[PDB]
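K.L.:
Mind looking over this structure? Questions follow.
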Amino acid sequence: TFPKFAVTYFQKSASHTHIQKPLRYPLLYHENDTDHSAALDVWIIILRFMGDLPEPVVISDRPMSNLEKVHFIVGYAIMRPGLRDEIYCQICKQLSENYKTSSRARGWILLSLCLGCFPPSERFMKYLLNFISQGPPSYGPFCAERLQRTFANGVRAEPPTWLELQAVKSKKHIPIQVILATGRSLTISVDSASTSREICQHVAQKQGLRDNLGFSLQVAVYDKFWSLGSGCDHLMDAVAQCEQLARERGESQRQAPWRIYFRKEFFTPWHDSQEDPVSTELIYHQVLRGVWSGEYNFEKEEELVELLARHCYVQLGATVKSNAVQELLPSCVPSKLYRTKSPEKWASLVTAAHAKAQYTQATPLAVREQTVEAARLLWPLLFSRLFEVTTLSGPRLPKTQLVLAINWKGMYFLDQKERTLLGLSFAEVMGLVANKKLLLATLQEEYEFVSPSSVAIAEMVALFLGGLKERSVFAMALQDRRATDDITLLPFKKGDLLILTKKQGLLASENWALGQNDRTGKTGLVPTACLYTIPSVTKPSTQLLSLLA
Amino acid sequence: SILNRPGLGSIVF
């Protein structure tokens, strides 16, 4: 059927078969220039890589490594979307009736990688599937499955990593060690199209993590790191970033001293520590390590004392023996602080707060949940997802290159020097839309931003708003209802604070809810059509209700 | 700071 596609679409009367010559014109029609020229150069590298062209000796008379060659082909195919079809035919021509035993194998490797990193256009898809269908029984199903995967999970944003080239010769699946905050590391099977959403799902099913919202996948190399989220990014395309960093640093592409952590980035505005035990355990560890390192850094001593005391209850209980306490404190407190004063004053203060608060003498889970809740309150900014955003038009946010950190407390705009310029509660967020621009409207000021992640950052806020909205038991009245002889109805004025009395704002399927009026104190029936639910989980202050009018 | 997480290195955008 690829014969029929060539007969119909091949522009220069090009051979449907193998050629050992350059190409004077591209196989398909390209109205755009550059695409036209790129098609021919790509072709030159495909051939030089399959051995069908001699590689030069120390335009393209220039040499390159076969790795550099692959990167060239796949690279053009990603950056320029049209060539994606042309290139496939280019590797089909050379793989149809290729009688050199090695050239065939190299071509099919090139389909392994290219079918790893991008899709065909809609028009050409089925034909490619048929040509793969009559493949060698070795790579035949391999490439079909790689194409199904890639077609599902999107276009890779990077050319194949060295690790993938290995996987292609192996025709296998890739093992990857993911470090949990416990220090134990779960090894996961991964292919080219693997996504941090998928990987996090696998970690969940592995350690049984039911409350997964906010667990992200971080990647660390060479005293630098970034996040893959639980979102739709491809970790192979992070590993490629790391490789192209290591080659920049001079080490080998296969040197690869990178690592993947499974870490808690988010805290949801509805976060309940007592909901999941597993989450509480991983994020307990993550917290304590963070205190050891100085990531999570205390502003007041009593808080640190209380954390250490809790930790002792978790590891010790109501037994106070300074042989155990003076043993734990050096390991928990960071070096910088533990050196600041004597272990006698340290064990004495930890045991002091221990005796004071623990008078109940509480499951260890309870104390761990307590310290998780403590963390969530103390460090809203360190538990935020960070984005880079550049302001275009707004007042009160003068900066034009900024860092937006979204977290459970709200949106926070950050100075390049880390001072917070503008805070926003989600109750104050009147809309956030992506166009690569972003339109943020608050209750008072409207802004416009250009950030690359804008879609994502408009999505996350949406996820947080809807979340709150479904849990919101608070509402404001829109129109009035004057009281009647009917005492079933609830009186209210415009802008009243209606509390909706164990109606989660989720239940809007019904058109009636009952509640009480915060001003009146009267309690009665309200039409759900007169309610505007406020996305807060605590009673909204007068300050917030004056703005909402 | 926020951008520098001790033990993981520096972020990137």
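In the structure tokens, chains take the letters A, B, ... in the order shown, each chain's residues start at 1, and ligands count up from 1 in the order shown.
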Could you give me, as CSV, a per-residue list for chain A showing, wherever an atom lies at most 8 Å from an atom of chain B, the closest pair of atoms and their distance in Å to one decimal, using only C-alpha atoms and sorting by chain then residue number from low to high?
P.N.:
residue,atom,partner,partner_atom,distance
A:220,CA,B:8,CA,6.2
A:222,CA,B:9,CA,8.0
A:223,CA,B:9,CA,4.5
A:224,CA,B:9,CA,4.6
A:225,CA,B:11,CA,5.1
A:226,CA,B:11,CA,5.1
A:293,CA,B:6,CA,6.2
A:294,CA,B:6,CA,6.4
A:295,CA,B:6,CA,5.1
A:381,CA,B:2,CA,7.2
A:382,CA,B:2,CA,5.9
A:387,CA,B:13,CA,7.2
A:388,CA,B:13,CA,6.5
A:418,CA,B:2,CA,7.1
K.L.:
Kindly export the residues of the current selection with N, CA and C atoms, as a PDB file, in the first residue's frame.
P.N.:
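Once everything was written out, this is result_37.pdb:
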ATOM      1  N   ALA A 220      17.602  15.080  38.760  1.00  0.00           N
ATOM      2  CA  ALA A 220      18.766  15.777  39.301  1.00  0.00           C
ATOM      3  C   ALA A 220      20.037  15.240  38.670  1.00  0.00           C
ATOM      4  N   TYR A 222      24.327  16.705  38.165  1.00  0.00           N
ATOM      5  CA  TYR A 222      25.408  17.688  38.044  1.00  0.00           C
ATOM      6  C   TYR A 222      25.128  18.971  38.833  1.00  0.00           C
ATOM      7  N   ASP A 223      24.609  18.848  40.051  1.00  0.00           N
ATOM      8  CA  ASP A 223      24.303  20.032  40.863  1.00  0.00           C
ATOM      9  C   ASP A 223      23.296  20.950  40.164  1.00  0.00           C
ATOM     10  N   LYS A 224      22.339  20.341  39.462  1.00  0.00           N
ATOM     11  CA  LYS A 224      21.213  21.013  38.825  1.00  0.00           C
ATOM     12  C   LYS A 224      20.048  20.028  38.800  1.00  0.00           C
ATOM     13  N   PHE A 225      18.815  20.535  38.857  1.00  0.00           N
ATOM     14  CA  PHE A 225      17.660  19.638  38.850  1.00  0.00           C
ATOM     15  C   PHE A 225      16.435  20.396  38.359  1.00  0.00           C
ATOM     16  N   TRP A 226      15.419  19.649  37.927  1.00  0.00           N
ATOM     17  CA  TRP A 226      14.152  20.265  37.556  1.00  0.00           C
ATOM     18  C   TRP A 226      13.063  19.226  37.755  1.00  0.00           C
ATOM     19  N   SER A 293      18.943  18.574  55.809  1.00  0.00           N
ATOM     20  CA  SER A 293      19.721  19.231  54.765  1.00  0.00           C
ATOM     21  C   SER A 293      19.715  20.748  54.884  1.00  0.00           C
ATOM     22  N   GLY A 294      18.662  21.330  55.440  1.00  0.00           N
ATOM     23  CA  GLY A 294      18.483  22.763  55.392  1.00  0.00           C
ATOM     24  C   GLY A 294      17.602  23.253  54.265  1.00  0.00           C
ATOM     25  N   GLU A 295      17.033  22.344  53.467  1.00  0.00           N
ATOM     26  CA  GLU A 295      16.022  22.737  52.494  1.00  0.00           C
ATOM     27  C   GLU A 295      14.895  23.471  53.190  1.00  0.00           C
ATOM     28  N   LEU A 381       5.824  28.218  50.394  1.00  0.00           N
ATOM     29  CA  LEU A 381       6.550  28.506  49.164  1.00  0.00           C
ATOM     30  C   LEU A 381       7.461  27.363  48.735  1.00  0.00           C
ATOM     31  N   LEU A 382       8.037  26.621  49.678  1.00  0.00           N
ATOM     32  CA  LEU A 382       8.932  25.545  49.280  1.00  0.00           C
ATOM     33  C   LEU A 382       8.168  24.353  48.727  1.00  0.00           C
ATOM     34  N   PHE A 387       7.049  28.295  38.187  1.00  0.00           N
ATOM     35  CA  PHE A 387       6.977  28.579  36.770  1.00  0.00           C
ATOM     36  C   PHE A 387       7.705  29.882  36.506  1.00  0.00           C
ATOM     37  N   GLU A 388       8.137  30.078  35.268  1.00  0.00           N
ATOM     38  CA  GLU A 388       8.815  31.309  34.900  1.00  0.00           C
ATOM     39  C   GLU A 388       7.787  32.060  34.079  1.00  0.00           C
ATOM     40  N   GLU A 418      14.015  36.606  44.900  1.00  0.00           N
ATOM     41  CA  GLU A 418      13.192  35.754  45.769  1.00  0.00           C
ATOM     42  C   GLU A 418      12.227  36.490  46.705  1.00  0.00           C
TER      43      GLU A 418
END
K.L.:
Mind the document's chain letters and residue numbers, and return as an NGL selection string the residues of segment 177-293 of chain A that DSSP labels helix (DSSP H, G or I).
P.N.:
:A and (196-207 or 235-249 or 277-293)
K.L.:
Atom CA of residue 261 of chain A and atom CA of residue 221 of chain A, how far apart in Å?
P.N.:
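Computed distance, atom CA of residue 221 of chain A to atom CA of residue 261 of chain A, equals 11.3 Å.
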K.L.:
Which polymer residues have any atom within 8 Å of an atom of segment 443-453 of chain A, counting only C-alpha atoms, with same-chain residues fewer than 4 positions away left out, as a ChimeraX atom specification?
P.N.:
/A:387-395,428-430,436-439,457,547-548
K.L.:
Need to verify the contact set: residue 330 of chain A, 10 Å, only C-alpha atoms, exclusion of same-chain residues closer than 3 positions in sequence. Can you return it as an MDAnalysis selection string?
P.N.:
chainID A and resid 292 325:327 333:335 337:339 343 346:347
K.L.:
Go ahead and write the residues just picked, N, CA, C and O atoms, as a compact mmCIF listing (two decimals), in the first residue's frame.
P.N.:
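Output below, filename out-v2.txt:
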# COMPACT_ATOMS: atom_id res chain seq x y z
N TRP A 292 17.20 17.96 57.96
CA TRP A 292 18.60 17.58 58.02
C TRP A 292 19.44 18.39 57.03
O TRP A 292 20.51 18.90 57.39
N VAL A 325 17.99 10.01 73.15
CA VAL A 325 17.67 11.34 72.63
C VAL A 325 18.93 12.02 72.12
O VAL A 325 19.00 12.47 70.96
N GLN A 326 19.96 12.10 72.96
CA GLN A 326 21.23 12.64 72.53
C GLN A 326 21.83 11.83 71.39
O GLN A 326 22.77 12.29 70.75
N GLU A 327 21.31 10.62 71.14
CA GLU A 327 21.70 9.88 69.95
C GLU A 327 20.93 10.36 68.71
O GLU A 327 21.53 10.51 67.64
N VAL A 333 18.75 17.17 63.61
CA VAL A 333 19.21 18.55 63.49
C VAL A 333 20.31 18.61 62.43
O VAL A 333 21.15 17.71 62.38
N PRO A 334 20.35 19.64 61.58
CA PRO A 334 21.47 19.77 60.65
C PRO A 334 22.77 20.03 61.40
O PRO A 334 22.79 20.37 62.59
N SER A 335 23.88 19.86 60.68
CA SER A 335 25.20 20.08 61.27
C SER A 335 25.36 21.53 61.71
O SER A 335 25.81 21.81 62.83
N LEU A 337 23.33 23.79 62.69
CA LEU A 337 22.67 24.14 63.94
C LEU A 337 23.13 23.27 65.11
O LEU A 337 23.38 23.79 66.20
N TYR A 338 23.27 21.96 64.91
CA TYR A 338 23.64 21.11 66.04
C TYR A 338 24.98 21.52 66.62
O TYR A 338 25.22 21.32 67.81
N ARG A 339 25.85 22.12 65.80
CA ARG A 339 27.10 22.65 66.32
C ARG A 339 26.91 23.96 67.08
O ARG A 339 27.85 24.41 67.74
N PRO A 343 25.06 19.46 73.14
CA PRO A 343 24.07 18.37 73.13
C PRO A 343 23.32 18.23 74.44
O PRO A 343 22.29 17.56 74.47
N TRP A 346 20.56 20.71 74.01
CA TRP A 346 19.74 20.20 72.91
C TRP A 346 18.83 19.06 73.38
O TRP A 346 17.60 19.14 73.25
N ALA A 347 19.42 18.00 73.94
CA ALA A 347 18.60 16.91 74.45
C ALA A 347 17.67 17.39 75.55
O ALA A 347 16.54 16.90 75.67
K.L.:
Contacts of residue 185 of chain A at 10 Å or less, counting only C-alpha atoms, minus same-chain residues fewer than 4 places along, as an NGL selection string?
P.N.:
:A and (176-181 or 260-262)
